[PDB]
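To start, the structure under review is shown below, and the notes come after it.
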Amino acid sequence: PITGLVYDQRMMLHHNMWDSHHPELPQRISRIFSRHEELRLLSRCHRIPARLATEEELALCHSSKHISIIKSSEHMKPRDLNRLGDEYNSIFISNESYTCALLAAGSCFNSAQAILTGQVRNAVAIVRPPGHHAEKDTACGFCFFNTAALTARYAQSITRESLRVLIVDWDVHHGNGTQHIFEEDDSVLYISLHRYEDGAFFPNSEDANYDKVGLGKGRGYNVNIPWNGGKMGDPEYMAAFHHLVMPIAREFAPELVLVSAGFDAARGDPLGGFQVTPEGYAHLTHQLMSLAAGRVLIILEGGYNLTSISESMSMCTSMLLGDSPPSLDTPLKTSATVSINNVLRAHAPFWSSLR
Ligand SMILES: O=C(NO)c1ccc(CN(Cc2cccnc2)S(=O)(=O)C2CCCC2)cc1
Ligand SMILES: [K+]
Ligand SMILES: [K+]
Ligand SMILES: [Zn+2]
């Protein structure tokens, strides 16, 4: 029952040349790593090395032109970095950004390989920049390449094309890129919980609503759980898992679970406005560990309170290592009941576990 951990300080080099306080900070990953040492988790893990994804591995999900554009930024002067970055929704670029995005993906590929070949049972990937907003053909929302989507395809490339991969995306934002990549795919089940606010919260698209269930043979394999009008936390996330995430995931019977684990829904996050606790994230991790024979890979996405993300992600690793889960409690906010029931009705036709 070995737990793997991948972290490489080099991923700190991606930075914002124009705003030292921009929340997607280099030290997001170093602080999470430090907390693993401070709590004596690091020495309990098997250290998986980082590596660069290849351009051909990026082609598992991304266009040749998109790869070339981000690749070219390694050599741009600040004026061109500014202008290129501004062509996307919510992107800053430095000369190190391409290499950091390659390291984040390659790290996750090595973690998936270690799990699927039985070298470790589960793993955590402390990586930046994030991935879940990146589309096949564009960067978006701090993300250059879709690390989680690429890891699902990489996992399939080294196993079989029909490998059943579950992606649970608990970042406070909808993973538009991940949804779109797998929207017509019945081999990758995408489940997102996210603040939505009737389309008003980033990334500001009705694609994140509950009635988007997938397309074609993918119908039923895209599960959006959108929150509106409330400061959601442990009660609402635990109820979403109990009524939705776990029954669906158990019926799907994945062979590999990837977590797009942003910690921006955490209590204390300056952007998310939510109040999930570190014990709440530990609960969610422990629930997912009952799937896929425990084959869970936790991939950092967003999360901007350094203290909050460090404690939260460390608690997830504690669960992966087999430590006893914390006990949690307790009325939901009323709009969360509405949201959950809206998803249930959208997905009851496709999942017998919901009937
Ligand atoms: O975490 C993420 N994804 O997983 C994430 C992705 C993108 C952003 C960008 N921001 C939007 C925002 C603000 C508050 C809360 N959520 C999102 S923004 O910086 O304000 C940008 C908008 C237009 C001008 C600046 C932030 C987080
Ligand atoms: K999400
Ligand atoms: K899908
Ligand atoms: Zn986010």
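Residue numbers start at 1 in each chain; chains themselves are named A, B, ... in the order of the structure tokens; ligands are numbered from 1 in the order shown.
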
Next item on the list: For residue 85 of chain A, work out the shell of residues within 12 Å, counting only C-alpha atoms and skipping chain neighbours fewer than 2 positions away, then give it as number ranges by chain.
Entry: A: 16-18, 69-70, 73, 76, 78-83, 87-95, 97, 138-144

Residues of chain A that have any atom at most 9 Å from an atom of ligand 1: could you tabulate them with the shortest-distance atom pair and the distance in Å to one decimal, using only C-alpha atoms and all ligand atoms, ordered by chain and increasing number, as a Markdown table?
| residue | atom | partner | partner_atom_place_in_ligand_line | distance |
| --- | --- | --- | --- | --- |
| A:22 | CA | ligand 1 | 19 (O) | 7.8 |
| A:23 | CA | ligand 1 | 19 (O) | 8.0 |
| A:24 | CA | ligand 1 | 27 (C) | 8.1 |
| A:89 | CA | ligand 1 | 23 (C) | 6.9 |
| A:90 | CA | ligand 1 | 9 (C) | 5.0 |
| A:91 | CA | ligand 1 | 9 (C) | 7.9 |
| A:130 | CA | ligand 1 | 4 (O) | 7.4 |
| A:131 | CA | ligand 1 | 4 (O) | 8.0 |
| A:132 | CA | ligand 1 | 4 (O) | 6.7 |
| A:133 | CA | ligand 1 | 4 (O) | 6.7 |
| A:140 | CA | ligand 1 | 7 (C) | 7.4 |
| A:141 | CA | ligand 1 | 7 (C) | 3.7 |
| A:142 | CA | ligand 1 | 6 (C) | 5.8 |
| A:143 | CA | ligand 1 | 6 (C) | 8.0 |
| A:171 | CA | ligand 1 | 4 (O) | 5.7 |
| A:172 | CA | ligand 1 | 4 (O) | 6.5 |
| A:173 | CA | ligand 1 | 4 (O) | 4.8 |
| A:174 | CA | ligand 1 | 4 (O) | 7.0 |
| A:175 | CA | ligand 1 | 4 (O) | 7.0 |
| A:201 | CA | ligand 1 | 16 (N) | 6.7 |
| A:202 | CA | ligand 1 | 17 (C) | 4.9 |
| A:203 | CA | ligand 1 | 17 (C) | 7.1 |
| A:262 | CA | ligand 1 | 4 (O) | 6.5 |
| A:263 | CA | ligand 1 | 1 (O) | 8.5 |
| A:264 | CA | ligand 1 | 1 (O) | 6.3 |
| A:270 | CA | ligand 1 | 14 (C) | 7.9 |
| A:271 | CA | ligand 1 | 15 (C) | 4.2 |
| A:272 | CA | ligand 1 | 15 (C) | 5.5 |
| A:273 | CA | ligand 1 | 15 (C) | 8.0 |
| A:301 | CA | ligand 1 | 4 (O) | 6.1 |
| A:302 | CA | ligand 1 | 1 (O) | 4.2 |
| A:303 | CA | ligand 1 | 1 (O) | 6.1 |
| A:304 | CA | ligand 1 | 1 (O) | 7.7 |

Would you output that residue set with C-alpha atoms, as a tab-separated table (two decimals), in the first residue's frame?
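Final output, out02.tsv:
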chain	number	residue	atom	x	y	z
A	22	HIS	CA	-1.23	37.47	-8.24
A	23	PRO	CA	-2.81	34.55	-6.36
A	24	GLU	CA	-1.47	31.77	-8.60
A	89	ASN	CA	-9.05	34.59	-20.66
A	90	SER	CA	-7.04	34.99	-17.44
A	91	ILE	CA	-3.49	33.92	-18.36
A	130	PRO	CA	-3.09	24.08	-13.12
A	131	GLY	CA	-4.88	22.45	-16.03
A	132	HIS	CA	-8.65	22.01	-15.95
A	133	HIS	CA	-9.59	25.19	-17.87
A	140	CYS	CA	-7.50	29.67	-20.05
A	141	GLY	CA	-7.82	30.48	-16.35
A	142	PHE	CA	-4.16	30.01	-15.28
A	143	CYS	CA	-3.98	26.70	-17.28
A	171	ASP	CA	-11.98	22.76	-7.61
A	172	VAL	CA	-14.51	25.53	-6.93
A	173	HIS	CA	-14.58	26.29	-10.68
A	174	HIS	CA	-16.01	24.22	-13.48
A	175	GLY	CA	-13.40	22.38	-15.51
A	201	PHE	CA	-19.21	32.81	-11.70
A	202	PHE	CA	-16.01	32.14	-13.64
A	203	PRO	CA	-15.65	30.73	-16.26
A	262	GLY	CA	-8.29	22.46	-6.51
A	263	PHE	CA	-8.52	23.79	-2.95
A	264	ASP	CA	-10.25	27.10	-3.82
A	270	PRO	CA	-9.80	34.73	-1.18
A	271	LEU	CA	-11.57	33.85	-4.45
A	272	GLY	CA	-13.89	30.90	-3.95
A	273	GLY	CA	-16.06	32.25	-1.14
A	301	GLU	CA	-5.57	22.49	-9.59
A	302	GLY	CA	-6.54	25.86	-8.01
A	303	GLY	CA	-6.59	27.07	-4.41
A	304	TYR	CA	-5.15	30.40	-3.23

Note to self: Can you pull out the residues contacting residue 62 of chain A? Cut-off 6 Å, using only C-alpha atoms, and skip same-chain residues under 2 positions away; I want them as a VMD selection string.
What the structure shows: chain A and resid 58 to 59 136 to 137

With N, CA, C and O atoms retained, write the just-selected residues as a PDB file, in the first residue's frame.
ATOM      1  N   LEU A  58       1.449  15.751 -25.261  1.00  0.00           N
ATOM      2  CA  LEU A  58       0.521  16.879 -25.296  1.00  0.00           C
ATOM      3  C   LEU A  58      -0.502  16.724 -26.413  1.00  0.00           C
ATOM      4  O   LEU A  58      -1.658  17.132 -26.262  1.00  0.00           O
ATOM      5  N   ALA A  59      -0.107  16.112 -27.532  1.00  0.00           N
ATOM      6  CA  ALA A  59      -1.024  15.902 -28.651  1.00  0.00           C
ATOM      7  C   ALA A  59      -2.136  14.903 -28.340  1.00  0.00           C
ATOM      8  O   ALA A  59      -3.060  14.751 -29.150  1.00  0.00           O
ATOM      9  N   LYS A 136      -8.640  21.993 -25.798  1.00  0.00           N
ATOM     10  CA  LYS A 136      -7.834  21.390 -26.850  1.00  0.00           C
ATOM     11  C   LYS A 136      -7.003  22.438 -27.585  1.00  0.00           C
ATOM     12  O   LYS A 136      -5.808  22.226 -27.840  1.00  0.00           O
ATOM     13  N   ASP A 137      -7.592  23.604 -27.875  1.00  0.00           N
ATOM     14  CA  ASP A 137      -6.969  24.602 -28.737  1.00  0.00           C
ATOM     15  C   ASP A 137      -6.632  25.925 -28.048  1.00  0.00           C
ATOM     16  O   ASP A 137      -6.231  26.880 -28.737  1.00  0.00           O
TER      17      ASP A 137
END

Check: Neighbours of segment 161-166 of chain A within 6 Å (only C-alpha atoms; same-chain residues fewer than 6 positions away dropped), as a list in words?
Finding: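 Listing them by chain and then by number gives residues 187, 188, 189, 254, 255, 256 and 257 of chain A.
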
Got time to write the residues from that selection, N, CA and C atoms, as a compact mmCIF listing (two decimals), in the first residue's frame?
# COMPACT_ATOMS: atom_id res chain seq x y z
N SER A 187 -15.74 6.46 -21.96
CA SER A 187 -14.68 5.81 -21.20
C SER A 187 -14.11 6.69 -20.10
N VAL A 188 -14.38 7.99 -20.15
CA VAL A 188 -13.96 8.93 -19.12
C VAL A 188 -15.21 9.60 -18.57
N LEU A 189 -15.58 9.27 -17.33
CA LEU A 189 -16.68 9.90 -16.63
C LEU A 189 -16.14 11.15 -15.94
N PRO A 254 -14.85 2.58 -12.04
CA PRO A 254 -13.64 3.03 -12.72
C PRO A 254 -12.48 2.09 -12.41
N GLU A 255 -11.50 2.09 -13.31
CA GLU A 255 -10.21 1.44 -13.06
C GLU A 255 -9.15 2.41 -12.56
N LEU A 256 -9.35 3.71 -12.74
CA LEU A 256 -8.43 4.73 -12.25
C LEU A 256 -9.25 5.96 -11.88
N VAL A 257 -8.98 6.55 -10.71
CA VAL A 257 -9.65 7.79 -10.30
C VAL A 257 -8.63 8.92 -10.31

Next item on the list: Quick one: pick out all strand (DSSP E or B) residues within segment 35-233 of chain A from a backbone DSSP run and write them as a count of residues only.
Entry: 30

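When only C-alpha atoms and all ligand atoms are used to measure the gap to ligand 3, the shortest distance among A:153, A:71, A:217, A:28 belongs to A:217.
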
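Closest approach to ligand 4 from the set A:308, A:341, A:260, A:228 is made by A:260, with distances taken over only C-alpha atoms and all ligand atoms.
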
Note to self: Set the distance at 12 Å and use only C-alpha atoms: which residues neighbour residue 39 of chain A once local chain neighbours fewer than 6 positions away are removed? I'd like the list as a ChimeraX atom specification.
What the structure shows: /A:32-33,310-311,313-315,317-318

Okay, now the selection with C-alpha atoms, as an mmCIF file, in the first residue's frame?
data_model
loop_
_atom_site.group_PDB
_atom_site.id
_atom_site.type_symbol
_atom_site.label_atom_id
_atom_site.label_comp_id
_atom_site.auth_asym_id
_atom_site.auth_seq_id
_atom_site.Cartn_x
_atom_site.Cartn_y
_atom_site.Cartn_z
ATOM 1 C CA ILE A 32 1.907 22.357 0.334
ATOM 2 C CA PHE A 33 5.197 20.437 0.192
ATOM 3 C CA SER A 310 -1.412 23.283 2.515
ATOM 4 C CA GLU A 311 -3.518 21.874 5.331
ATOM 5 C CA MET A 313 -3.957 18.792 0.544
ATOM 6 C CA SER A 314 -1.900 17.311 3.405
ATOM 7 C CA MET A 315 -5.058 15.854 4.914
ATOM 8 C CA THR A 317 -2.428 12.571 1.512
ATOM 9 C CA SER A 318 -2.962 11.453 5.108
#

Notebook entry, point to check: So which one's closest to residue 258 of chain A, A:338, A:114, A:344, A:124? Using only C-alpha atoms, please.
Noted result: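 Comparing A:338, A:114, A:344, A:124 against residue 258 of chain A, the winner is A:124.
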
Next item on the list: Record the distance separating atom CA of residue 168 of chain A and atom CA of residue 322 of chain A, expressed in Å with one decimal.
Entry: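 Between these atoms lies a distance of 20.1 Å.
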
Next item on the list: Skip residue 227 of chain A itself and residues of its chain fewer than 4 positions away, then list as a ChimeraX atom specification all residues within 8 Å of it, counting only C-alpha atoms.
Entry: /A:193-197,232,335-336,339

Written selection (N, CA and C atoms) as an mmCIF file, in the first residue's frame:
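New file out-v8.cif:
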data_model
loop_
_atom_site.group_PDB
_atom_site.id
_atom_site.type_symbol
_atom_site.label_atom_id
_atom_site.label_comp_id
_atom_site.auth_asym_id
_atom_site.auth_seq_id
_atom_site.Cartn_x
_atom_site.Cartn_y
_atom_site.Cartn_z
ATOM 1 N N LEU A 193 -18.107 19.390 -9.223
ATOM 2 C CA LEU A 193 -18.831 20.280 -8.319
ATOM 3 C C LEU A 193 -18.231 21.671 -8.447
ATOM 4 N N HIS A 194 -19.074 22.706 -8.482
ATOM 5 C CA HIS A 194 -18.523 24.034 -8.745
ATOM 6 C C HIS A 194 -19.541 25.120 -8.406
ATOM 7 N N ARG A 195 -19.030 26.253 -7.937
ATOM 8 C CA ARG A 195 -19.858 27.448 -7.836
ATOM 9 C C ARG A 195 -20.247 27.913 -9.234
ATOM 10 N N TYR A 196 -21.532 28.201 -9.439
ATOM 11 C CA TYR A 196 -22.063 28.488 -10.769
ATOM 12 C C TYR A 196 -22.795 29.822 -10.804
ATOM 13 N N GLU A 197 -23.657 30.048 -9.817
ATOM 14 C CA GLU A 197 -24.374 31.319 -9.676
ATOM 15 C C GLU A 197 -25.122 31.683 -10.953
ATOM 16 N N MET A 232 -21.235 27.384 0.406
ATOM 17 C CA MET A 232 -21.247 25.940 0.579
ATOM 18 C C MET A 232 -20.013 25.458 1.327
ATOM 19 N N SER A 335 -30.615 26.062 -1.096
ATOM 20 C CA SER A 335 -30.338 26.014 -2.529
ATOM 21 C C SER A 335 -29.472 24.826 -2.913
ATOM 22 N N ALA A 336 -28.703 24.269 -1.972
ATOM 23 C CA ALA A 336 -27.928 23.071 -2.285
ATOM 24 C C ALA A 336 -28.833 21.863 -2.472
ATOM 25 N N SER A 339 -30.052 22.202 -5.964
ATOM 26 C CA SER A 339 -29.037 21.819 -6.939
ATOM 27 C C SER A 339 -28.902 20.308 -7.037
#

Check: Just how far from atom CA of residue 105 of chain A is atom CA of residue 14 of chain A, in Å to one decimal?
Finding: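 That distance, rounded to one decimal, is 14.3 Å.
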